[PDB]
Amino acid sequence: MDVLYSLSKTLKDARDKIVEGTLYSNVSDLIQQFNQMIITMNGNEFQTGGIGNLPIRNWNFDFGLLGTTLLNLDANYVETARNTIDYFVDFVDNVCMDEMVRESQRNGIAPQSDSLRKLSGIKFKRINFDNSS
Amino acid sequence: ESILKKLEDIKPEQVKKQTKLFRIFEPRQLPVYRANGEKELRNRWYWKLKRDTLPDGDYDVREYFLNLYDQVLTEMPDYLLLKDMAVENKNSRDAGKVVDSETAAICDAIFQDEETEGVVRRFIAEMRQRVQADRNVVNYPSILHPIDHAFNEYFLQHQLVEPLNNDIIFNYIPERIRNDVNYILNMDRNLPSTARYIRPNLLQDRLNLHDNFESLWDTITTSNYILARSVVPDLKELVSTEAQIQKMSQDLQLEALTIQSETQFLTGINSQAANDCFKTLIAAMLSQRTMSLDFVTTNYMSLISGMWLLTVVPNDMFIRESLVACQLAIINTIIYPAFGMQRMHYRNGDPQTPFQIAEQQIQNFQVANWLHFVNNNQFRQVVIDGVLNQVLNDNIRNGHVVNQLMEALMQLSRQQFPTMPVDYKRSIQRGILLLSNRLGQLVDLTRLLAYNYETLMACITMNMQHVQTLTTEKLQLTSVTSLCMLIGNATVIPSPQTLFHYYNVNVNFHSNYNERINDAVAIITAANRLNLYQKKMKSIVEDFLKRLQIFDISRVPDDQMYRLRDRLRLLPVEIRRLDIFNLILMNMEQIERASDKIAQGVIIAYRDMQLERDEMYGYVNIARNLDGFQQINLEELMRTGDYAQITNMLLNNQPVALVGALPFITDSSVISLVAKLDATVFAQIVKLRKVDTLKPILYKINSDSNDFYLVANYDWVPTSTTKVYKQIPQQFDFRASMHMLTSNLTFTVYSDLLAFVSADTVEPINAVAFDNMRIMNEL
Amino acid sequence: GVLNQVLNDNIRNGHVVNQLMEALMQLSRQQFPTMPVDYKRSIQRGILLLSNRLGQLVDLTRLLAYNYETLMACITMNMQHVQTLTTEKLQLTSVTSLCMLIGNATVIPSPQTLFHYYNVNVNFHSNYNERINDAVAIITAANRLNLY
Amino acid sequence: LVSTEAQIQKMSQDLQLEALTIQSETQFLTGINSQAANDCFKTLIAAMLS
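Chains as they are written, first to last, in the deposited numbering: chain G, 1 to 133; chain L, 109 to 887; chain E, 494 to 641; chain D, 346 to 395.
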């Protein structure tokens, strides 16, 4: 949950902050968090399940890091970031839907979807950051 | 240079060939005796140790088997062709062959022996080789002891040669060289189906010497730097130094009567410095050796060239103090005075570099943007073809960063320098003009550096590790200025032969490193598994480092060697070595029990026990096992020196078994047995509290004994109160010892694959970079 | 019946050196925020010079403690701890020599050395007691004989 | 004991004292030898004993 929340929070920060013309210092820490998320997710295969009518979806992460070279973000930078963010938002939304439609009588607080169970592994703890909601 | 001689003298790996079957046992004739101890007319063949040289003491026996493991690893071949070992069997019906000549000698001795049964002679007469020429296979008869057969069968079934063809030779070239359109490769031989080669072991560093072994890593990076220097191509058709100095003097308007900063701009401009800078940069990035910046702050040309250098080379390649000094000089001599900013008061030890502070403080967009690029220009770590590499930014590789630097420089030239005398602005403008008169050459030079770097990087086999090294390679900024002022339009790329040489040296070093690691790991693991607790392993690591050939072990402390030992001890053993050691572990008890020099122990009972009957001894006071007796371990007794228990047991005549590798006396005297001399040899243990002098009596009573009539004339079965814990030899069964050894009939092994490849370059004027454009483009 | 000054068991088995190692490994990873970087590198590399001798330092601590305990077994007078007027001056460079140069060759007191040390301690203790008794006897005799 | 030459060179290479600006470059590694190590061992054990 904390990892899934951190992924969504990073994506929301990227959507709100990676905008044309913005100082790189406005986004430096966000870029580092985002690149850490990319590093952690790269090479991991996920499946969001087929319960009910939710389509079975497969997710592969082989993304390059976001650049650090611009003093102000230009349109090319925003477009590359937008592409990566769009894939990640699709993944997070699908994981959230796959978790919401499942329930358990024995341990209903624990993750039920397979992807959220995988994201509970220690390797993904690096993604975890500000939990302010 | 002696370092280059050491690194380029390393040979790939000495190929071991087997010339004879490995043998621990041989057949041997022995007299046999009837159940009553009378000698039979017929003899019997028994397996014996070929070299019965086992020591006294269990610890020394385990040491002996570590030495045997080393011997077997020495004798284990890379490949084997049995026809080289094949010799005539003179009694073969078909006049066929056997392996090895030792087998032939055994067969001859058995066949000629009058006591040999005719069935054995028939069997010898049937021993011959079979050739399957279609499959390139041959089978030979051999006579081997089962343990010998296991060792030789393992050698035959685990050879290191693989089929070799033209496709394999071509694929041995790194993929990036083959994918380059600047190189054309050719062959003139069709290698046959019988061609073989041995793959180098290019595993990536399992010791992680780049982590926490800083002296050793400094040595490795120094050797790599020297080799990279040797393979970096020399610059051709540099601008004439005299002509360029004349042109620069005209641009600078040097005045005889005035002391001018611009004069120092000419300092240290010559082709030697330019070539040295080129080599230093490429070699330092190839070896990931930290560079240090040497410059005079009064040379503003040095600072402008330093701006170019920090644009193109990622700044982590520089030691922090020198980078900070260069950046601070650039800020306080060029940038801040240009914009009228107060001189940067920079603190030594600041978390930020001067360029980072200036980027936060500079309101001009082009200058601030170039500063930000420098502040964030880094190597990209990428695994390519299984090798970790440090890749440059694409805008460095196409030379586009030079344009950003030139934009910032043009912005600086346009500034007013409000708080400066006008001649100061004139000096800065003159230095910038010297650099900007060669913008096309600078783009070409950046592209050439990047291309040579990545082409030579394709030849690197070990992971490129980015860690600041203990010592640096000094780079003079005047040399950077020479390279910027003198580089022409002549494109120089590594020769294909140079690339192959560099790649082969890297492969030789990598393979040697892996093979020495495997040897050290096998020895360390075997020594632990043999419980050699008194063995200090420093010698093993010292041998390992010596065989790596690049370190001076006299400079390596014992603590570092033992840290290396700890890291090696965690690695798994290579499969062939592990299987050989498993075979030795499986069979060492049997090999030790075959020795005629030692017994496995002695049972002191205090009751009459009949001597056992065994054809090769007659009557013998041997124990096949220690069942029904308390065991005192002699090795523990010798280690602790505490003799209370053994002294009490001996003084009280308490039956016991003293267990451990012991030498024994052989006594064939019936009178000596009747005198009960075997019971007299233990009192010295109590007298002196030593057991390394213990030597039990092994009675051998038979018709060769002088007083054997007593056995014969009294229906008396000899009895003793002591027994030797010992095994009897196994009979040599000729038919059961025959094995068909199979191998390839014939093949040829090849060492240097790239010798079959002839490679040339396209015309350098038409050599292209990764972006398909010519590397250099100036008229 | 003899008071003894004994060590924490973590010193005797040398386990606490690991903790020291841990601490100084942390110190080798620290930023040293305002420190000039060459000096920081030198400090961290010296820290690691001591750090990378963890096995030798554990062995040295165990050897020191074992030698201390074996020799302390031979002491017969109470080991009273007092801050003395004068001290033995110990150079930290000698500590550096011991820490950087100790190998893995165990050295323990010889049995004859232990017997000699114990015999000298016993002789000193016995002589001390006998001279106390002689002095007390003479003083009490002089007083009881009224030798004012 | 570890060879004084080897350990001294190791310490000098790691410490890079020459490259520093320490007013006492020579004094840094003085007093590092087998005699000092043995004296330290004796001093520590004997001081605790007494």
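The beta-carbon is built from N, C-alpha and C at its ideal position, and this holds for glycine as well.
Based on the DSSP output, what are the partners of residue i in its beta bridges?
| i | result |
| --- | --- |
| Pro135/L | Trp155/L |
| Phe46/G | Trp59/G |
| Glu700/L | DSSP output for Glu700/L lists no bridge partner at all. |
| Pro271/L | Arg304/L |
| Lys533/E | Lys533/E is not bridged to any residue. |
| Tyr141/L | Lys147/L |
| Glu682/L | In DSSP, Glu682/L forms no bridge with anything. |
| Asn852/L | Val245/L |
| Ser250/L | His847/L |
| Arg201/L | None; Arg201/L has no bridge partner. |
Quick one: is residue i buried, meaning 16 or more other Cβ sit within 10 Å of its Cβ, or exposed?
| i | result |
| --- | --- |
| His609/E | exposed |
| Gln519/E | exposed |
| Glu99/G | buried |
| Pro604/E | exposed |
| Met295/L | exposed |
| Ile442/L | buried |
| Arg159/L | exposed |
| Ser395/L | buried |
| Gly108/G | exposed |
| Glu148/L | exposed |
| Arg843/L | exposed |
| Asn511/L | exposed |
| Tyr714/L | exposed |
| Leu585/E | exposed |
| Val499/E | exposed |
| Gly507/L | buried |
| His618/L | buried |
| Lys198/L | exposed |
| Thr589/L | buried |
| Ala566/E | exposed |
| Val421/L | buried |
Under 8 Å between beta-carbons, which chain G residues line up against residue i? List them in chain order, please.
| i | result |
| --- | --- |
| residue 52/L | It is not possible to answer for residue 52/L, since the shown part of chain L is limited to 109 through 887. |
Please state whether DSSP places residue i in a helix, a strand or coil.
| i | result |
| --- | --- |
| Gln718/L | strand |
| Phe124/G | helix |
| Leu346/D | coil |
| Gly376/L | coil |
| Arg236/L | coil |
| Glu223/L | coil |
| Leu149/L | strand |
| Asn511/E | helix |
| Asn626/L | helix |
| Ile504/E | helix |
| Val870/L | coil |
| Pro526/E | coil |
| residue 73/L | Nothing in the structure corresponds to residue 73/L, since chain L is present only between 109 and 887. |
| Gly64/G | coil |
| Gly726/L | strand |
| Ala713/L | strand |
Under 7 Å Cβ-Cβ, which residues of chain E neighbour residue i?
| i | result |
| --- | --- |
| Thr349/D | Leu594 |
| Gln352/D | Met593 and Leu594 |
| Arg243/L | Chain E residues near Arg243/L: none, gap ~55 Å exceeds 7 Å. |
Mind listing the chain E neighbours of residue i? Cutoff is C-beta to C-beta under 9 Å, in chain order.
| i | result |
| --- | --- |
| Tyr454/L | Simply none; closest approach about 12 Å. |
What does residue i reach in chain L if we use C-beta pairs closer than 9 Å?
| i | result |
| --- | --- |
| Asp359/D | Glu322, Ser323 and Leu578 |
Does the beta-carbon of residue i, which I'm using as the reference point, lie nearer than 7 Å to any heavy atom of the ligand GDP?
| i | result |
| --- | --- |
| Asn506/L | With respect to the ligand GDP, the structure shown offers nothing to examine, as it has no ligands at all. |
Chain L partners of residue i, CB-CB under 8 Å?
| i | result |
| --- | --- |
| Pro529/E | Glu429, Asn456 and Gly457 |
Mind pulling the chain D residues with CB within less than 9 Å of residue i?
| i | result |
| --- | --- |
| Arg675/L | Ordered by position in chain D, no residue passes the 9 Å Cβ test against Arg675/L, which lies about 18 Å from the chain. |
| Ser662/L | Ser348, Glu350, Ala351 and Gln354 |
Legend entry - Residue ranges of each alpha helix (DSSP H) within the stretch 731-757 of chain L, 4 or longer: 742-748
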